[PDB]
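In the form deposited in one PDB entry, a lone chain appears below as structure tokens.
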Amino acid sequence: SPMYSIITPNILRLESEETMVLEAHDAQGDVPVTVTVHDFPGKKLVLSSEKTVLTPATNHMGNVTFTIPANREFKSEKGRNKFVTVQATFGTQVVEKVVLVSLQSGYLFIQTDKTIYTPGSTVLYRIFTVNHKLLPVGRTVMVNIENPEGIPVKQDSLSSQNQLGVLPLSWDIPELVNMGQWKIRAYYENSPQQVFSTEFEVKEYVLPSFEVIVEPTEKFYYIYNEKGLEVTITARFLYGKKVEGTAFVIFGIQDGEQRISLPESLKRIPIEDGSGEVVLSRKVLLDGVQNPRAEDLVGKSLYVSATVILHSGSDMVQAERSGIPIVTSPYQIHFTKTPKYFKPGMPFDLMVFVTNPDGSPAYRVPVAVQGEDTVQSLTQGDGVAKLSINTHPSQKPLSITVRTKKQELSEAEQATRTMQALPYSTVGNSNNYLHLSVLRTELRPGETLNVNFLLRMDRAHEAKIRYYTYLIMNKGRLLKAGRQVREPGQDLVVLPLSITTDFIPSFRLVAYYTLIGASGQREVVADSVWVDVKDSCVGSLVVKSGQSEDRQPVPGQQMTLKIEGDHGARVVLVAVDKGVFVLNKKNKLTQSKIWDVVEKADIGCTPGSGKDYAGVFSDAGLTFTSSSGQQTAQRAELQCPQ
């Protein structure tokens, strides 16, 4: 008995290109399918209509791409939840699934010319308007400027149409203005709930002539370190020359929001050849706090303030280095990249992420699984190690403990972490499972990654599985889908997947197979895997000197700026005095910020696997529906749980 199935993203976006994947199982000849999308529950209007015929030559696999109309006729509010009915009909056989709708229509990014402004001056800004594909788009944007109190002082409704995705604006700061952190907040008109923001400080100031860099010798403070916290002070003119002067350095403890100053830490040191050294003593620190137990300081942070005065007395610069964490270990372990579900009897893959106390990845750090012999694994550049443990077949919950194996460290100093993984629940004790595995090396576009498919199931019903089908989730949508062929008797199969700039910054691969169960009922088995891809710009943009004289320019001199980029690209520029950044380096725009915004919006909520097949689908942001009644549960929330 032939079975018809449809797979779509768990969440459907307005004004965004979406794809629906249609599959026929055990079907002969051409199959005609008509797919329509309607509003739920009113069915008042057809949002989209498309048709496609599955041919036996294509290996019975089809897709229909549709964009929900921008119109958003279905009214927003009270916010959530909007739904649509998705219907696919294959040769008079109807399969329908109700899917959740997100009104979000793309991304906005805000760029100001500086990070801080004086009253009376002008804030120049640009609003980059892109879709979920990160491509320039012409839409209507609501823009607000908010005071430190949070009140909107200015409200505009603009269009980026014909602006090549770049909306240049400006705001004049009144001479009499409330100081503080001001916010620029913009949103797509159609998607009022998704607000994108940036901040700028308003303050009376003058630019300093030099910068002060205060850096501890260690990114953290070990609580049992007798030496105390050593801090280096560096002072240099913005034009590169070293500073001679006097520095005042003071320390404090930060616990949450509160800050406790350490008066006795105050020291006055000479800055010679642009350099100075200063120490916070363990005794002073420990005397600063009311609690006699030093261990209570763990989890808290230290901050250092340095004020440097030029010998002329003409210029003074204050600089702070904060969030120096107080630790009992120079390392942290994270299981944020490992699946929380294992399949009994099949190797379980742990994706250990080892970091420094500042959040940065840790390189060449040995890591092992506790309760198990050997299994040492080093860390990659991204601070990622891969571990594998063989599991006994049984529904018993899995408790894994990972510890660092750093040679120069005491056992009390090593980092440790424990996670629990639940058994994948098969249908009717079928004891059938699919498992996906990947090499986990640092991944870049232009390279191909092998994806390994391994199945464990009763050998009597084994012969039935001719293929697997895989779906590639990326930036909230389906990017690719396909099939991987397996002959009977073949436990392991390998799919080579070419990786492109479309895979940036990460993707999930969801594979499944279906068969006729021992119950006589239909049976679907699935697994999902998550893989990181190295961040970079899609395409390239580089700025350097065109003169190439290698000699330093003088004031008022003309020079040649060389820009290299993709053809036809619109390039916007700004030149900023470094002193501004000496005063404020918050809210600068970078590519990594963009990729972060993208990763936060992701539909998929887990690293992989699930409680059941439906769990696997939903977790990676998919809806599966079949004629036999096997479907994922309805998704309650737009936000990822946690």
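Heads up: residue numbers just count along the shown sequence, starting at 1. For the two forms, the rigid core is made up of the largest set of C-alpha atoms that agree within 1.5 Å on superposition.
Absent from the display: the form deposited in another entry. The rest refers to it.
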{"property": "Shifted position (C-alpha, 2 Å or more, core held fixed) between this form and the one not shown, chosen from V574, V53, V597, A70", "result": "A70"}
{"property": "Did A518 shift 2 Å or more between this form and the one not shown, C-alpha, core superposed", "result": "yes"}
{"property": "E372 C-alpha relocation of at least 2 Å between this form and the one not shown, rigid core basis", "result": "yes"}
{"property": "CA-CA separation of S519 and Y433, closer or farther in that other deposited form than in the form shown [shift of 3 angstroms or more]", "result": "farther"}
{"property": "Note on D373-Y433 C-alpha separation in that other deposited form, which departs from the shown form by 3 angstroms or more", "result": "closer"}
